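In what follows, a single structure is set out as structure tokens and then discussed.
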Amino acid sequence: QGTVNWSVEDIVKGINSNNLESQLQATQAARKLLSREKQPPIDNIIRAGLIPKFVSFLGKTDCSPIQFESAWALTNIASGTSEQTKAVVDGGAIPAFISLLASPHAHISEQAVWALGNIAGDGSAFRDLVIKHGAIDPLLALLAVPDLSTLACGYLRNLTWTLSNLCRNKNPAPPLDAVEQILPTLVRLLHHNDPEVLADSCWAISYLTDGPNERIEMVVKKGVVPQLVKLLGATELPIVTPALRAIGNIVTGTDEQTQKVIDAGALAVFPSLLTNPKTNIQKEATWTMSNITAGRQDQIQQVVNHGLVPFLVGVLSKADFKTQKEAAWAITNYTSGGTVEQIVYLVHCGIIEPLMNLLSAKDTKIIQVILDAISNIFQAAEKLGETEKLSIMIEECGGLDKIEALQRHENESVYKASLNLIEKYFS
Amino acid sequence: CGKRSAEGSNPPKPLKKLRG
């Protein structure tokens, strides 16, 4: 009743009073203001110069309720723009929040965890500053228990989420030592039964694997690929999405790292992923496939054994344009490193028609890719004297009829590739 | 030619969370 709908000035009045209880009430009012459905007056609160006051209340062990209120208020301010988050950091909140992680009051240390999450999530710089202030040990200590299941559901979700932000951002990526520190715990969270924890854990792994092969390696080295393939089959889209991104990232690495997801049985899930109702999953899955077709011939052979070429043909034939483009890539990569027998199989699966149909697309990049593929296939037929038979097939379904049309195309690389095909393989 | 990095949005999780 007395902390509902206060005006910023009343809040300032109470916070500036010489009464701790008056400050507590004013702070709770500030918090409720910052927690209203929409458009919380974050800037008004900031201009009033309240951040420094809140930060100081964080250090009042004697009055844990004001620690909590100011923590919640600061958390919400920190959830705004970079400028608003900067305001919190500039108030000296980082060290103060790290100290609260040790609080005896779970709901208070949890608020500190959340705030640290908002601060780190802003970007690389604040992320690394939080780490430099020593946040990782306290955070990890909060999860150092025999069974994660004994922790409050929300409490676990907040730590997991905050840890995933410490793994987030790329320019630069989190410090290597910090990653190593966090990884073990992350590996444990990846085996927890709560879906939100799994989703955020997968997001964390997806961030760590979004980079150079050395980065992917320290993750693969932890033995999480199998757990990821498992989560890849999850029924909850919020889990499958980040899991698929992690698996997709890992196969952008070395052939050896890519072999790890294959050995884990990832390919068996793709007939489903490649036909997934969610356009995005379908796109990420086809992209993931494209990098797998850019691997060794024995890996392209796995794609073949799992019967995934027909699914690629299917996705090249009908799907969101972005997914089709990813399909084009998977094909051009496949033809590029595949054996003759494998390229013949691709043709036998019906790759030609859908491939030709895309040549009518308004996108110079995809056309280049498709032309490349056409070239790669002809080169395989060249090795069998079947070049002619191929020309017919491409001829049979308006293929040549489209390559000539592009022979006049504007793009440098295009008309060239176009031309060569018309002469070197036709008339 | 080969591996093409994961590039472009997603869009991933929100960077921050306001507590209602």
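Residues in the structure tokens are numbered from 1 in each chain, the chains being A, B, ... in the order shown, and ligands are numbered from 1 in the order shown.
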
**Report entry** Interface list for chain B, partner chain A, 7 Å threshold, only C-alpha atoms, as a count of residues only
**Finding:** 11

Report task. Grab the CA of residue 339 (chain A) to CA of residue 416 (chain A) distance for me, in Å with one decimal place. Result ->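 These two atoms are separated by 25.8 Å.
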
What's around residue 136 (chain A) at 8 Å? Count only C-alpha atoms, leave out sequence neighbours fewer than 2 positions away in its own chain, and write the answer as an mmCIF file with C-alpha atoms, in the first residue's frame.
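To be explicit, this is the file written out as result-v9.cif:
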```cif
data_model
loop_
_atom_site.group_PDB
_atom_site.id
_atom_site.type_symbol
_atom_site.label_atom_id
_atom_site.label_comp_id
_atom_site.auth_asym_id
_atom_site.auth_seq_id
_atom_site.Cartn_x
_atom_site.Cartn_y
_atom_site.Cartn_z
ATOM 1 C CA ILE A 131 35.400 -11.901 -14.388
ATOM 2 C CA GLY A 134 36.483 -12.483 -9.282
ATOM 3 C CA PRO A 138 31.654 -17.487 -5.940
ATOM 4 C CA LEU A 139 29.216 -18.399 -8.732
ATOM 5 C CA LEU A 140 30.658 -21.855 -9.197
ATOM 6 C CA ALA A 178 37.744 -18.518 -17.410
ATOM 7 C CA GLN A 181 37.100 -22.857 -15.025
ATOM 8 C CA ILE A 182 33.418 -22.803 -15.974
#
```

**Report entry** For residue 192 (chain A): contacts at 12 Å, only C-alpha atoms, fewer than 6 positions along chain excluded, given as a ChimeraX atom specification
**Finding:** /A:147-151,153,156-157,160,185-186,198-202,227,231

Taking N, CA, C and O atoms for each residue, export the selection above as a PDB file, in the first residue's frame.
```pdb
ATOM      1  N   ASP A 147      24.042 -32.870  -5.324  1.00  0.00           N
ATOM      2  CA  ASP A 147      22.944 -33.048  -6.269  1.00  0.00           C
ATOM      3  C   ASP A 147      22.248 -31.725  -6.597  1.00  0.00           C
ATOM      4  O   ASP A 147      21.572 -31.139  -5.743  1.00  0.00           O
ATOM      5  N   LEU A 148      22.410 -31.265  -7.837  1.00  0.00           N
ATOM      6  CA  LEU A 148      21.798 -30.016  -8.296  1.00  0.00           C
ATOM      7  C   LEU A 148      20.301 -29.962  -8.005  1.00  0.00           C
ATOM      8  O   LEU A 148      19.728 -28.885  -7.869  1.00  0.00           O
ATOM      9  N   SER A 149      19.672 -31.128  -7.911  1.00  0.00           N
ATOM     10  CA  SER A 149      18.236 -31.195  -7.674  1.00  0.00           C
ATOM     11  C   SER A 149      17.757 -30.633  -6.347  1.00  0.00           C
ATOM     12  O   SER A 149      16.567 -30.355  -6.194  1.00  0.00           O
ATOM     13  N   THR A 150      18.670 -30.459  -5.395  1.00  0.00           N
ATOM     14  CA  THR A 150      18.294 -29.927  -4.093  1.00  0.00           C
ATOM     15  C   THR A 150      18.195 -28.404  -4.107  1.00  0.00           C
ATOM     16  O   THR A 150      17.703 -27.799  -3.153  1.00  0.00           O
ATOM     17  N   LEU A 151      18.664 -27.784  -5.184  1.00  0.00           N
ATOM     18  CA  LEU A 151      18.615 -26.331  -5.300  1.00  0.00           C
ATOM     19  C   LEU A 151      17.241 -25.916  -5.777  1.00  0.00           C
ATOM     20  O   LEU A 151      16.564 -26.678  -6.468  1.00  0.00           O
ATOM     21  N   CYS A 153      14.474 -24.459  -7.999  1.00  0.00           N
ATOM     22  CA  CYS A 153      14.388 -24.424  -9.449  1.00  0.00           C
ATOM     23  C   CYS A 153      14.848 -23.091 -10.058  1.00  0.00           C
ATOM     24  O   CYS A 153      15.738 -23.064 -10.908  1.00  0.00           O
ATOM     25  N   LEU A 156      18.620 -22.292  -9.616  1.00  0.00           N
ATOM     26  CA  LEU A 156      19.469 -23.018 -10.550  1.00  0.00           C
ATOM     27  C   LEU A 156      19.398 -22.392 -11.942  1.00  0.00           C
ATOM     28  O   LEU A 156      20.409 -22.250 -12.626  1.00  0.00           O
ATOM     29  N   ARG A 157      18.200 -22.011 -12.357  1.00  0.00           N
ATOM     30  CA  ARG A 157      18.025 -21.396 -13.663  1.00  0.00           C
ATOM     31  C   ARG A 157      18.771 -20.072 -13.773  1.00  0.00           C
ATOM     32  O   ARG A 157      19.293 -19.737 -14.835  1.00  0.00           O
ATOM     33  N   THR A 160      22.686 -20.763 -13.966  1.00  0.00           N
ATOM     34  CA  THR A 160      22.956 -21.320 -15.285  1.00  0.00           C
ATOM     35  C   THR A 160      22.926 -20.206 -16.322  1.00  0.00           C
ATOM     36  O   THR A 160      23.855 -20.057 -17.126  1.00  0.00           O
ATOM     37  N   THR A 185      31.533 -27.354 -14.629  1.00  0.00           N
ATOM     38  CA  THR A 185      30.213 -27.098 -14.060  1.00  0.00           C
ATOM     39  C   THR A 185      29.159 -27.122 -15.162  1.00  0.00           C
ATOM     40  O   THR A 185      28.073 -27.688 -15.008  1.00  0.00           O
ATOM     41  N   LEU A 186      29.496 -26.502 -16.280  1.00  0.00           N
ATOM     42  CA  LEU A 186      28.613 -26.444 -17.426  1.00  0.00           C
ATOM     43  C   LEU A 186      28.289 -27.875 -17.894  1.00  0.00           C
ATOM     44  O   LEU A 186      27.142 -28.189 -18.231  1.00  0.00           O
ATOM     45  N   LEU A 198      18.828 -26.907 -19.234  1.00  0.00           N
ATOM     46  CA  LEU A 198      19.416 -27.554 -20.403  1.00  0.00           C
ATOM     47  C   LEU A 198      19.534 -26.571 -21.565  1.00  0.00           C
ATOM     48  O   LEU A 198      20.566 -26.504 -22.234  1.00  0.00           O
ATOM     49  N   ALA A 199      18.470 -25.810 -21.800  1.00  0.00           N
ATOM     50  CA  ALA A 199      18.467 -24.832 -22.879  1.00  0.00           C
ATOM     51  C   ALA A 199      19.611 -23.842 -22.701  1.00  0.00           C
ATOM     52  O   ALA A 199      20.423 -23.652 -23.604  1.00  0.00           O
ATOM     53  N   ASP A 200      19.677 -23.218 -21.530  1.00  0.00           N
ATOM     54  CA  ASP A 200      20.724 -22.251 -21.256  1.00  0.00           C
ATOM     55  C   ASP A 200      22.115 -22.874 -21.261  1.00  0.00           C
ATOM     56  O   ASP A 200      23.089 -22.219 -21.653  1.00  0.00           O
ATOM     57  N   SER A 201      22.214 -24.130 -20.825  1.00  0.00           N
ATOM     58  CA  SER A 201      23.496 -24.825 -20.829  1.00  0.00           C
ATOM     59  C   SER A 201      23.919 -25.019 -22.286  1.00  0.00           C
ATOM     60  O   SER A 201      25.085 -24.833 -22.632  1.00  0.00           O
ATOM     61  N   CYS A 202      22.961 -25.393 -23.136  1.00  0.00           N
ATOM     62  CA  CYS A 202      23.241 -25.595 -24.553  1.00  0.00           C
ATOM     63  C   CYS A 202      23.655 -24.294 -25.211  1.00  0.00           C
ATOM     64  O   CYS A 202      24.518 -24.296 -26.092  1.00  0.00           O
ATOM     65  N   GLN A 227      26.099 -35.961 -25.289  1.00  0.00           N
ATOM     66  CA  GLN A 227      24.993 -35.361 -24.551  1.00  0.00           C
ATOM     67  C   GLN A 227      24.267 -34.357 -25.449  1.00  0.00           C
ATOM     68  O   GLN A 227      23.048 -34.206 -25.367  1.00  0.00           O
ATOM     69  N   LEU A 231      20.360 -34.241 -26.614  1.00  0.00           N
ATOM     70  CA  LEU A 231      19.497 -33.075 -26.492  1.00  0.00           C
ATOM     71  C   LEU A 231      18.996 -32.652 -27.868  1.00  0.00           C
ATOM     72  O   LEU A 231      17.960 -32.011 -27.990  1.00  0.00           O
TER      73      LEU A 231
END
```

Query - Computed interatomic separation between CA of residue 279 (chain A) and CA of residue 230 (chain A) (Å) - result: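 Interatomic distance, CA of residue 279 (chain A) to CA of residue 230 (chain A): 21.0 Å.
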
**Report entry** Members of region 125-330 of chain A assigned alpha helix (DSSP H) by DSSP, as a VMD selection string
**Finding:** chain A and resid 125 to 132 136 to 142 153 to 166 176 to 189 195 to 208 213 to 220 225 to 232 237 to 250 255 to 263 270 to 273 279 to 292 297 to 305 309 to 317 321 to 330

Report task. Would you mind reading off the distance between CA of residue 391 (chain A) and CA of residue 378 (chain A), one decimal, in Å? Result ->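 Between these atoms lies a distance of 8.3 Å.
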